[PDB]
Each structure stands twice: as structure tokens, then as C-alpha cells.
Engineer: 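What follows is a structure written as C-alpha cells; I'll ask about it next.
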4 protein chains.
Amino acid sequence: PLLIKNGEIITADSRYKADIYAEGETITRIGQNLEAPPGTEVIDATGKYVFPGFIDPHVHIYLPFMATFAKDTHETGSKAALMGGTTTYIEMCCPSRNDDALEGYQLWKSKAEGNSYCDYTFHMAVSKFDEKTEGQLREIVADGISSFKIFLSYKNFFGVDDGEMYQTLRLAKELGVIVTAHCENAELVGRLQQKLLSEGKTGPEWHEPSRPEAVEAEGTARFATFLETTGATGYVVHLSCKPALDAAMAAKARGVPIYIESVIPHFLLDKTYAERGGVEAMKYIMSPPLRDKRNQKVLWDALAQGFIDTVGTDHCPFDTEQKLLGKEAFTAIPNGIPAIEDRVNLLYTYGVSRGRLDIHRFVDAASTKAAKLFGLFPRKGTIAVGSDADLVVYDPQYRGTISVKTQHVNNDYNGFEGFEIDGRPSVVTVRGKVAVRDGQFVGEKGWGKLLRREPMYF
Amino acid sequence: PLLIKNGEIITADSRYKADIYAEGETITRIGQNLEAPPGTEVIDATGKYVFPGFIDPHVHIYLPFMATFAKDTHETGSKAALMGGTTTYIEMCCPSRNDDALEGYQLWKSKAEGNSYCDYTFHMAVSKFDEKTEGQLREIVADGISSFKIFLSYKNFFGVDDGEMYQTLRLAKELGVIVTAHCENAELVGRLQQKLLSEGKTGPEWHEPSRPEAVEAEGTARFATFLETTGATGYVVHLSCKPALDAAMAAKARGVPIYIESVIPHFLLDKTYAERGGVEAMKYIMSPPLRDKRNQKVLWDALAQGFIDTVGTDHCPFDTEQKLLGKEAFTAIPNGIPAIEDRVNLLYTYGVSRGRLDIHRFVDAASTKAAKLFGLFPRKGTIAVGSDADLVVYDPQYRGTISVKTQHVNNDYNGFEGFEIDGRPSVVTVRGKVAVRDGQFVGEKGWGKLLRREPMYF
Amino acid sequence: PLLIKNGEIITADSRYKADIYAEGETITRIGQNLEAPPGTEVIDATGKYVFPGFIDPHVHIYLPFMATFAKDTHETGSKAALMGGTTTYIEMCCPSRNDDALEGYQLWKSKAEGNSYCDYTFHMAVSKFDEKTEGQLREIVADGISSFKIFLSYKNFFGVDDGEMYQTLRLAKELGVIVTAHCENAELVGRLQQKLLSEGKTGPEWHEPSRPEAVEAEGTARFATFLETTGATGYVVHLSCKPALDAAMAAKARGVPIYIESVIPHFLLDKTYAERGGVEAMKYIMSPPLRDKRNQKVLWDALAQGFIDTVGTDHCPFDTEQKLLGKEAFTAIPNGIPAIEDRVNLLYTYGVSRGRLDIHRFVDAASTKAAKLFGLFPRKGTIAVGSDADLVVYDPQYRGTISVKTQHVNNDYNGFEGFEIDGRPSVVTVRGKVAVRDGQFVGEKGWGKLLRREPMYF
Amino acid sequence: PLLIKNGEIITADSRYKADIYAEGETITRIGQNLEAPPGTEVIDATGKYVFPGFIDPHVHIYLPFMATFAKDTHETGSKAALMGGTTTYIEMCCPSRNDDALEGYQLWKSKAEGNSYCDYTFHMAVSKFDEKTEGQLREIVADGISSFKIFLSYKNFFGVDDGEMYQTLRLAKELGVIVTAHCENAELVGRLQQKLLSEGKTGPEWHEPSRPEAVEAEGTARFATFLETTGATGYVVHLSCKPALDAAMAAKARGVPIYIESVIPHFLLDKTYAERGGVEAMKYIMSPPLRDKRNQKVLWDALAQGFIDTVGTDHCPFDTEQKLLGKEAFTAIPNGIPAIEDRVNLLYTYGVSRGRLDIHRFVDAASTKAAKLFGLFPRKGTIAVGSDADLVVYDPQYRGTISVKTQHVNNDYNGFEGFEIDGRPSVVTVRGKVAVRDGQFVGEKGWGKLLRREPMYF
Ligand SMILES: [Zn+2]
Ligand SMILES: [Zn+2]
Ligand SMILES: [Zn+2]
Ligand SMILES: [Zn+2]
Ligand SMILES: [Zn+2]
Ligand SMILES: [Zn+2]
Ligand SMILES: [Zn+2]
Ligand SMILES: [Zn+2]
């Protein structure tokens, strides 16, 4: 049994002081001065906030990509997540066009079993479409995976054409599945990459120009048009700039059931980081690229007003050594930045503590909204009787800086090296069991379970 | 003591089954199978929803307007509200340009004391600005009223000019007050009214053309520009059409702290109702006017995505006899439609039950958001330990129709006569005390209190 | 020699009364009371307007399409054009994906030689892209054809994919060629067509729903993105609705060198014509489909302000008998409406005479702009010394109605049967030679020549 | 008699080589190898362009403003205009609120008689509205002035309120007059000015912040709303930024008869010039203020596509000594920059020679469009038989720089000091009489006449 007392509870739509008692894995009751049976583990949350466990709807743990593999394992990844306050993560299951989808799903699925410290689930990538695949997708959905993922980029590896996208969306609508999508243009990026390389422009500073804002805007609008035409519900992952936001907003305004996600690096980093040259710049190469800083205000304002629904990380860790695989051509630099451990602290600091982000909008954008969209709610995403006891006792008096020297991500650099944070998790629990106590990791291996969802977007 | 058991609790960010125990006026604890001391009043909510008491941020009880007076009293008005599921209402305190603001405030304030069945508070109208008035506004704010109200229409009676609007906004920013605003154009409406009358166009069907969508759009954009320039936080009341929504959305997108409210009649009624001729058409005359029905989809879609923040009624009851005061000229028809009693059932029915409105967005738009914006939260607007026990046991199995024959509004007609509803309040409580039991009004006169707020928008 | 005297000359940027003297094929001099050598043919234009010969930048004479062939020949087509005041037309050379481009060009080219009454030129369609084709396109451009044409629809027959579109645009930029484009989405239209048919919806009234406005908007925006990314100059053919106009305007506003064309049927006809059922409805089936009439005001306003650059017809004549080829499924109805003969009179009547279209904007939209965009200017498109003596003595006192009974188009129905017109050509000349005198056709077979252009958009 | 031979004639819709013969004040005939009677003055235009005399629709010669007077006289002003290629200018007749409108008109009118080297006309400012004024405006219009001018700024001196603006527009519609307007917000500018001064911010660098882009956008949109509501035709003077352009474009798109003008300094100068401090910065203080340079591309692109209709100067010359009148407070710096003499060369150089501005669009934006809008066409604005012989033989081989040392404007500084130009007028004529020959001024005092217009916008 667990009892968290004297803490100020804050959810997306409530704020109060009371005690939380969890007999087992779920919250049993809430009230003031609760009496917990003897033996109950008591946590004193005096002077601290008690938030629902945070949820990252977009991470990469196991990933064979751009000639190599992402650095975290479900073990190191889930641990880093917990240290950061994230108690549930949704990983992108990404088998390529040449892989068997069902086999890919089972591979990712088995790599996670007994290896995760916190709960998780997947987004099933659809990198090709045919009779064989349709049958396997029906099976994967039936196993509890209620979300797909398509890419409008990465030609021949992940990208699907209009015909495949259309079929994926019709199937999704039939199964009540929500489709997440990476929006760019596979053809344009490929052509622009070749053009720049043939011109001798090989440095990391040509990554952004090879896939400008106009391309993300085109893909975002195309995706919205297919959703509107098929009747399927969609979700745009890591939207990074105004032109794309305008396209997604226009779709929302005319009634298209589409949702928007932005990832932490696009709120705090900008294109100049990728113009520093050398391995230093390679550390900030991702897709969509970091943009002109003028976009940060746009994203922050949109987040405050709820135009942007969720905030994820698109966590994709690589070692500087791996980044150097593209010292000859920027097209060979493995795309990705690590952030699964810093999302919450960064969002809280620069959004709530030093920004205009309302604290309730913060909880909604970093936990509740994602739980709702992907069928994890009310099990996850909030604090209420019946919900899983995934809690985060947050300390707002803490002051420090982020550094690779103190991170738990299995790679050699931190994207936010030196950034200050005005808070951090003091205690983190997973289904009633303490995983982090006073900055000390005390999690239990294999405690995390796979969360199965029910389709709801017909 | 009160105990509501076996009900499905639904708030903006939670959904579960548990019992709610309120020892006194606030919720003491929540859990499953709670044991209430003997003597506790037990309500069985089996098979029913338990929502937070709903809040109407825009009503008119006492109102000397257009040569006459609104029909409801705080007694009949609060009763009608409760029957409909609304446990808190914010009334527009409206002294005209020729009245002393402080006296006006005190008049409204005393008419409500001991006469309301549920809690309430006010929006202080600023229909002129000068040294004398500034001093009185500071006093009214200090008395707990944290919101102003200005009109960009009704020349010489309620309307303020750019100079006055600017000063009102600067003062609001200084005091941390949020400014609500009726957005049209006092001059244009006056001119267009005169033009139409001089042309012999006197029927009710000329009301809409006298203040077209372009006018509301102009006023909405003007208001946004003054907010952006003064640094004040604003709130647009009863936004009725796309052009205006576009203007308010553009302001939101560029960072202006502005919020949007729409009232129920603009979601379900349209301009043709005011083109029926005679007293029948006069029943549907209000400002802003009912619009072309193409606007209803726009508003519904915007509500579903959270673009529109709150839903109110702009409740302004008049008898058909009073409406006839303008049988000679439409300009003399007292503007207003009654709706304080039907808002919740209408929104639930056409939004949740038969529409695309998510049930959590429904609670937020009809209760929580308004509580947050006007400083009533967390006291009101949600279900959580510490909050006032304002609850609504809602019956989703109920089926019926709205009719003046069964309303409690103190006038002779219902704007939604004949409309079907797929639910209704079964039990309604105010701070732990039952006011409505099984469709029977059992409220206590004078139980309602004035809610004082703290300024928060500096 | 030719002398047109006492006429009021009206061009896009001039208006005056004077005489025009053409010694041979071009205008020799302009002035008042000019003395023409003896033998000169004198035309008295007293009380009439003298416009530059009008130009239709989008017609179909020879066209193997949808299992059949368009009805006009270069002989009947050029004659009908002249009777209507059009002295130059640009035909779409359309070999399909299975045809050899160079052979296709030569086929169209030889069908026109010695068979046209007026001058003409072509837009070279690129329905596929490969090494073989690139070489042939370079040859065709070198032969004087400075414009391409790509289709974003008609899968497997005319439509090109993103890869092919990109390559076509890069080549166009290299050669200084302007690319015209039909903007929809080949995949979406195909899928939506199949869906409707499988649902038993086979009538002509399902044509519009099979390719809604959202699709044209998507293709228009996609095209604009590829122009912006490749640096090529583009031109959107027959833009029919607001969503598409918005997309093209956004591109214009941000600096993309893109131009807009709209065709006469979209200004005067609407979707209901295709909902009349039977062969009557089949007469109004075209692509993009006739739209909701709310779009006509949008197009007219855009034309008046110069947002829409040119007005063409997309003349594609078919007999009702041929239209019946799709009595079983709307997908088999040959798309197209005839209009080459009525464009000028219709535009003049409903635009200038009865609309808000300025007479100079009329000349620019129906003649000069197209001549400029496609390199026919200053040879064609205006009245000035040195220009070809292609003139139209227009009679503004004429009043009549359009009817198939008096048309010269080689088919059995007129799309504007019964429409009134407030003017008509009295005299029409081609390079100094009279082709139409007092409504009598006196043209000379084979007089028309192929106009070769110089590339100018690098 | 005048004969200009061997020149390449370029108008907005024609380009050719021929001779122009003017027997008297108007062009008599055009053709190749024309024979002029003996005594005819012959100008050889070999290797040069022959443009229509350029027209500046917005200048200030006589102006009592901000405690002082503008430096040019109709003598020095018209001379400077001619040297620059401008043969017709429209001056803003600006009596303030305290002046009698009719007297003001007559004052301006008499100051110009016999004192202008080239033709001219006026825009009648309406700085207040009442019965007395309406009567005088009817008289002024009857005297040939077909355009009004209202200011939405300069409180109590020039600015009119909504009531006055509405009445001015209704009268304009009745008389068929077009209304030009300076769009900002009198109240907001006044308040923001006071706020900044009270904060000790007195330097020239606070001018822009005192009237930000949001204000011009608000005024532009307000003006458009009143035009749309009254049915009057409008024209926005010196539009300087994207937000305002967006507002004016939206109005154009929905059918409002509104036109846009931008002045040369907003295309080439930016806000930093006014941040140089001291008298140097004061030289660049005008209204609307110079903006962030990001706006220059927007304006250039809009001009190339015809979104911006005309290009003027808003010529308002002051001596540095006069500028110093506001060394204590920026609000006292007389607003204005000189440019009447450099407009054409600057537009030609940076638009045509070094930009993307098409040469025909150049002639239209600098001459023809303005002539059309203000009823000067076809008398002025083009080259054609019957038109006034106002011609400009332009030399495209000339290369030089602009300097106060060689200007003819009656003040001590040039706003474009040091700017390079790729052309200049070689010969300039006014109604058949040479005013400038090979850079030498040979004009005749009092030759210029007042141009009376006919109302056309009912
Ligand atoms: Zn991605
Ligand atoms: Zn990813
Ligand atoms: Zn109101
Ligand atoms: Zn109201
Ligand atoms: Zn086509
Ligand atoms: Zn076509
Ligand atoms: Zn001005
Ligand atoms: Zn001016």
C-alpha cells in the first residue's frame, strides 16, 4: 500500500491539497488526513506538487535506421524516462518496407517484455501496403495496438505513396484506428539532397535547406486532405514550423479530425545549432530539421492556446561516433536527438516557470491529452480513484542544470547540455510501486507492462 | 452530510465510478464503497453521470434595457438555472452611461442578496470612462469583482469610444482584471439602422442586415488590437460567425491573450427564425443577430477543437408583449432570447449525444473553462476533494422535449419550443445541499452567495 | 491593304478614336483621317469598338480521350473561334503515356498545317518522363514550343508522379519553359470513383463528389510547392473554386512565379446542371467539375482585381451520342464542354455589360495576358504599329441569344443554349485579311500559321 | 510640332519601334518613317525607351504641418518632378479641422495657377464633416476634383471619427468620388506616443514603436469595412507592411472595390535608418514609419503580381533644420521624406534593372494605373493617338548615383543619398512641349494646367 500525503495535487482540471491512498496498483481513495493501514509506505509531499505520471507519445528505443542502431534499450530507456518523470511511453514500431510487418511487431514486442521499468505500448508503422500486410495489420490491431504510423519521407525505406496512404487510412477508419504521420515529401527531399551533394554542399548545415519548411507544409496539407477524404482520424507527429501549423490548423477549423504534436527540441533549439560545423553540429541533426528560431514563439503560443495537442520528444539517441558516419555527406548522418529524460523538466521550466504556459495546460500537453488520444485514459493520464497509481511528486524548489554527466540515456551527449531547470521529480511511482526516491533509481526490472488499447475512431 | 454513490463521475479530465462524500459544503473524500456516518443523506447515482455543477458566464437577470426590464428576478432566474443543471451564473452588471457605476454595482448587488438559490458573481460593465469612474472601478474590483465588460455597440447608452476602451484596458491590466467585450460597431449599426428605417424597411427581418457579419468582425478585430497594444487579457462574448472567429483566432495565433465565448442560440437557431414575420419573428431578435446557418458547423467544429473556450446563453428574457414594443420599427424590439434553463441539456443533446462533441470537452466548455477564466476555480468547475459540493446527477436515459409549458423562466415563450433533449438533471446540489430532486425543485431561498474573486491577469 | 476607320480603339491600356492602316500583315500606322492608297479595303467602324484579336490559351481540337475523339477539326474549330472573335488559339498537344511524345507532337502539328483559318500554337503535354522523352522535349522546344503541360489526374493515361513532375520542372527551368498544369489528384479521384461505383452511385450527379474541391486544392498547392522548390515558372489551368484559388494566391503572395487561368464555364454554370439527370446532365460533365455556384462570385471578383490572369475555355466538344458512352457509369462519360465560339461574347456580356468587369481588364484577361505569358506578345495580343493585323470590330448594339442552331462547333449541343449576349463580332481579321464580315464567314483555308515562341522563364 | 523617331516605345500593353508625331499638344499619329512638316522639332530616340509621362498620385507641395511648412513650391516641385520623369502629380489638398474646406481648396488652387511646369490635380482632404462642409465638398467636386482624402490618425488635426468617415463615404458614393485614406488609428497613436514620452523615451527610434504594424493593419481593415458597408470605392495610400497588405487583400478577395498604393521609401528603406540617432535618424521619420526590412520582399512580390496597384512617393520635403524642431521629443519631428524626383529612376533600377519587376508592370504601376483610378486616363497615362504628348525618352545606358548635390528639391538632404541608378530621363515633354533636354531643364513657367476629372465610381 502507498500513501502520499500533504501534497498539492495538480491535474489538467483540478488543484487541491489532500492525501492519495493506493492499496495496490490503483488509487483507492483521496481525502484529507487519510488513515493508511499499518505497513503502508508513506511519502510526505509537503511543499511539493503531485502530478499524474507523464506520457511521451513518441519515442524510439529499438531502431535499425540509417545503417545503424539507436543507443537505448528498453532497460536504459525506461529508466531514463522515469528519472525524468515519464511513467508511460509509446514507441514507434518501425519495420522497413523490406521487413515483414508481423515479424517486426513481434520483434519489438519481445525486446520490451520483462525489460521495461515502466508501462508502454506501440504505434505500428505501415511502410508498405498489400494484401499480406492488411491481414497482418488486422492481427496487430486485435492484439491491442490501436494506432498506425506512416511516413511521407524516407523514400523506399519507410515512405508510402498516395495509393498506399489511401488504403492505410481506409483500413484505419474501418478498424477505428488513429493514424500518426511524419509529414514531409519523400521525393522532394531525395531530389534536394542529391542536388546539394552534387554541388559539393556536404556539411551538416545543408540538412535544413534540403527539406525546407515548404516541404513539411506540403506533406502536412496532403495528409490532412487524405484524412478529410477517407474519414479517418489523424495525428501529425513533431510539427516544427508555422507553415505546417497553418496547414494543420486550417484542417482543424474545417472539421477534419486531426491532432497536432510537437517535440521539445523544436521549442528550444534552432537551425544555428546545426550550423556550428563538425561533430558539434551533427549532434543537432534531426527530421524535421531544427528551424529558424522565429518558429519557437509560434509553437509556444499555439501550445498555450491548445492548438498543439501534445508534446513528445521523438527520442532517438546516437553516439557522436555514430553521428560521424556522415562526415562525408550530411545525408549519412543518423537523424535524431535524445530527450526522453528532459522533456518534463524542460517543458515545466521554460513553459510554466519562465513562460506563459498555464500549469494545467502543461499537465494536459505532457500527459492527459496523449492518454486520451491513444486510448490509455482513464487508466493513465490523470489522478483519480480507479486510475493506475502512476504519480510524480515534483519539487519546484529544485534548481540545477542538465548535463550528459548526470543523464541516464545510453549515449555520449545531451542535446540540452547546460540548460537550467527550475524543478525535477522527487518521487516517481509506477502502478503503486516507487521507482524513483529522492533522485535515486530504485525501479524493479520487468515491472513495466504492455498496454493494450481499444479502437475508438470509427 | 451528503453521499452520492455508484455514479459514473465525469469531469474534463477524468472518468470513473466511485462515491463522493461531502461532510459539509465541500467534498470531503472520494473512493469506492465509502461509509457515511449515520444521518447522511444518500443519493444513489446508479446508471447516471455525475458532472460538476455547470457554469453560465453570461446572463442577464436585472436589466433596464431598450425602454423596459428583463423578466427574471434573481429568484426565478437562479431557480430556472438549477433546474437546468447550472449551479453558478455570472451576471452582467449593466449601469448605462448616465448612471453612477458604483451605485449601479450596489443596486445589482443588493437585488441578489438573499434572493438567489445558487451562487453567483458579476462582470462589471464600464459604459463610460473618467476620473470619477476609475476610482469607483478600483473599489468594485477590491470588492471581489475581477472582470469588466465593455460594449462596442449601443451608441450613447453602453458603447465606449476608442479613448475610453484604451483607458479601461490599461486600468484592467494594472488591476489584473480580464475584460469581456460585446464586439460590433456602435456607429455603423446606428447608421445602418437609420438607413433601413428611412427606406421603409421596418420589419424584424431587417435586424440582421442592419448589423451584418462584417461589423462583428470589425469590432472583434479592433478589440483584439487594443488588447495586443495594452497588454490586457480579454474575452469575446457571444461570438456568432466565421468572419469574427477568424479575427479572434488570428489574434490567438499571434499570442494575444484573448478568449472566445459563444452562446447556445447561435449553435442551434438561424436568421430565418427572424424572418417569420410578426411577433413570432420578434421572439428571435437578439444581438449579435442569429446568422445564416452555414455558421453553425463552423462554431460546432471550433468548439470540438477547443477554439471556442466557453458556452454561455446571454440569457435575456422578455414577454411577447414587451417584444411588441417594436411593432413599428425593429430598432425598438427589445433584444434577447431566454436560455439559462436549457443550455446544458441542449449542449449535451446536440453536441454529445447527437454530435461530434467529446464529453470531456463538453464539461470543459460548459463548466470548467469559465471557472478558470473568471477565478471561480478550483472552488467551482470541477469534482475534487476541497471543491464546493456543487454536483449534477445527470440522467442519460431521459427523453423529452423543451416547452414553455414546463419552463421556469419568468416569461411567456421558450426559444427552443419543441426541441428534443436526450438527458436532464436528476439531482442538483449547491454546496452540499440538494436543490433539485427527481425534477422537483426543493431549493432554499437565499442559500446562494456572492462569489468574490482575486485578480490574476497582470 | 486594310484600313479600319472611325472606330473606338480599346486595348488593355488605351482607349481612343483613330484609323488603323495595315499595308500587309501588320499594322503600318495609326492616326486620324489616314489616307489609304487606292485599292485599299476600307472598313467603317463607326459606333463600334476595335479590340485586339482575342486569344484562347486552352483548347482541344484533336483529342483521343476516354475511348473516343473530340468533334472539332482544325478547320471547324478555327472557324468557330473566328466567328466568336478569337484569332489565335493554343491547343493542348496530348499524347498519352503509351505514345511517343515526338510522334504525338508531329501528329498534332501535321493535322493543323494548311487546315487552320487562324494562327495557333501548342502546349506540349508531358505524360511520362524518362531519358528518351527528355531528348524529345528538347527537340520540341527547339521547334518553337515554349510551354509544357502536366496532369495531376487521369492515372496511367496522363498523370505524372512526383518524381516525374520534379524532373519535368527542372528541365523546364533549364530550357526557360513555362509549365501549365491540370491540378487534382490522380490517386484520390481514382479511389473515390471506385468507391462510388461500388456503392451503386453511377449517375452523372456523382461526378463532382468523386473529385471535390478539397482535391483540386491539394493538387494546386502541391504544384505550387514543386514550382517553389525547382525555380520553374508555372500556370494553373481552369482553376474552378475558392479553396484552389486560396492555395494559388498564397503562392503568388510569397513570391512563387505562378499564374492562374479560369475557363468560361466555371464563371456561368454550376453543379446543378450536372444533377439534371440523363443525357441532359451529361452535357455538363467536365473536369474540374462544375462547382457550387457560391464559387462564381469568388472567380468574378478575383478576375476584376487581376488575381486570375487569363480566361480560356478548355474547349472540348462531344456529341450527345458520345456522352451516352457513360450511361452505365459516370466514369465513362467523356469529360468536356464546348465554348471556343462563345467565350468572348459571354465574358463581354456577363463581365463588362452586366457585371463589374472593367473593359480594359476584359481585354487583358481575354487577349493580352495570355499573349504575354506564352511569348506571343507583342506579335499578338494588342493593337500597335508592328503588331499582326489581327483585329475585331465589335458591335455593342447587337442583342441576341446563343443557340446550337447557329453555332459552328462540329457537335450537336451548345453548353450555353439560350444565354443572352449584348454584343458580337462584326468584322474579324487575321494578319490583315478579313475572315468575318457582318456575321458571314469569308475565311481562307490554310491561311493560319503555326506560331513559334522563344523561351523566357529561366 | 514634335517628332520623336527611332525609339523603342513601351507602354503597359505594347512594345515596338516607330515614330511619334504630335502636331500640337496631343499625339497626332504613330508609324514608321513618318514625315514631319518642315519646322518640326525632331528628337532622335535611337537606342532609348519612350515611356508615357509618369504620374505620382501622392505628393505634398504646399503643406502647413506639425508647426511648420513643407519646403517645395509648385515651381520647385514640378521642376524636380519633370527632371525625374514625372509629368503629372496629384497633390493632397490638406486644410485641417479648423480651416474652411472651400477656402483651403481655393488657397491650394491659387498657389498652383501659373506656377507649375507640368499638369496637376488634387485629392480633397476631408478633415471634419458637417452640413457646411458637405455643401462645400459638392462644390469642389463640381469643380473637377473627383477624389477625397481622409485620415485615420492625427487626432484633432486631420483625423475623422467613425461617424464622419461613414458620412464622407456615403457622400462619396453619391457623387461617384473615390476616397483615398491614410490608415492607422488616431487614438492608439496618441496614447502610445504619450506613454513612450512619459517613460523618457524621446529619441527618433521610438517613432516606429509608437505606431506599430498592428495599428496600420487595424486602420486598413476598418477602412475596408466601411467601404464594404457604404458601397463606396476606396484607395489605401502608402501601405507599408504585410499585416496591412493582408487586410487590404482580404477585402479585395471578397469583392470590396478597394485599391492599394505603396510609396517608394517603403520599398528601399527600413526602420534601422530611424535608429541611427540624431538629425541623421530624423531625416527618415515619416508616417507610416519605415518598417522592418522583412516587409520589402512582401511589397516587391505584391507589386510584381499586381496586388499593389500604384507606386507614389508621399513627397514631403523638410530641411534638417526643421527636422530638429523635434530634438526634444520625436512627436515634434515633422514627418516626411522627399522623393518626387527619384521615384521613377529608383523603381526602374531596383525593380526592372536589378529586380523581378516586369517592365510593363513598371509602366502600369508608375503611370497608367493611377491615371485610370483618378480619371486622368486616357488623356494621361499612355502613348496613343489622341493622348497628351507627355513623353519620357529614357536612357537605359546611363549609370550614376543620387545625391542632394544634384537634386532640384528645395531642401537640404536626399533620402536616397548614394543610391545607384541604372537609367534616367533624357528628354521629357509636357503636352508636346520639351521641358527637359539632355539633363537640362528648359521648362516654361505656368505651362502646367489643372486637370479636371469626371466622377465615375457610383
Ligand atoms: Zn519522424
Ligand atoms: Zn520519430
Ligand atoms: Zn451583448
Ligand atoms: Zn449580454
Ligand atoms: Zn484539364
Ligand atoms: Zn484541357
Ligand atoms: Zn499620410
Ligand atoms: Zn501624404
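Quick note on labels: first sequence line is chain A, next is B, and so on, each numbered from 1. Start at 1 and go down the list; that is how both ligands and their atoms are numbered. When reading the values below, keep in mind they use all heavy atoms of this one structure, side chains included, and skip hydrogens, waters and symmetry mates.
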Engineer: Please walk me through it: do A:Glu216 and A:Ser240 pass side chain to side chain donor-acceptor pair (under 3.5 Å)?
Structural biologist: CA-CA 8 Å; A:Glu216 193 184 326; A:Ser240 78; 2.6 Å; yes

Engineer: Between the Zn ion (ligand 2) and A:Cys316, is there an N, O or S atom separated by less than 2.8 Å?
Structural biologist: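 Given the 2.8 Å cut-off, A:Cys316 does not count as a ligand of the Zn ion (ligand 2).
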
Engineer: Would B:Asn411 and B:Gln322 count as a side chain to side chain donor-acceptor pair (under 3.5 Å) here? Give the steps.
Structural biologist: CA-CA 10 Å; B:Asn411 82 312; B:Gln322 292 170 293; over 6 Å; no

Engineer: Indicate whether the side chain of B:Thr86 and that of B:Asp56 have a donor and an acceptor atom separated by less than 3.5 Å.
Structural biologist: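 Checked: B:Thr86/B:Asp56 side chains show no N/O donor-acceptor pair below 3.5 Å.
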
Engineer: Identify which protein N/O/S atoms are less than 2.8 Å from the Zn ion (ligand 3).
Structural biologist: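 Those protein N, O or S atoms (cut-off: under 2.8 Å from the Zn ion (ligand 3)) are B:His182 ND1, B:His238 NE2.
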
Engineer: Would you kindly say whether B:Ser147 and B:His123 are connected by a side-chain donor-acceptor distance under 3.5 Å?
Structural biologist: yes

Engineer: Answer yes if the side chains of A:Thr310 and A:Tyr235 hold a donor-acceptor pair under 3.5 Å, and no otherwise.
Structural biologist: yes

Engineer: Scan side-chain atoms only and decide if B:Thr313 and B:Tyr89 contain a donor-acceptor pair under the 3.5 Å cut-off.
Structural biologist: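 No pair is found: no donor N or O on one side chain lies under 3.5 Å from an acceptor on the other.
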
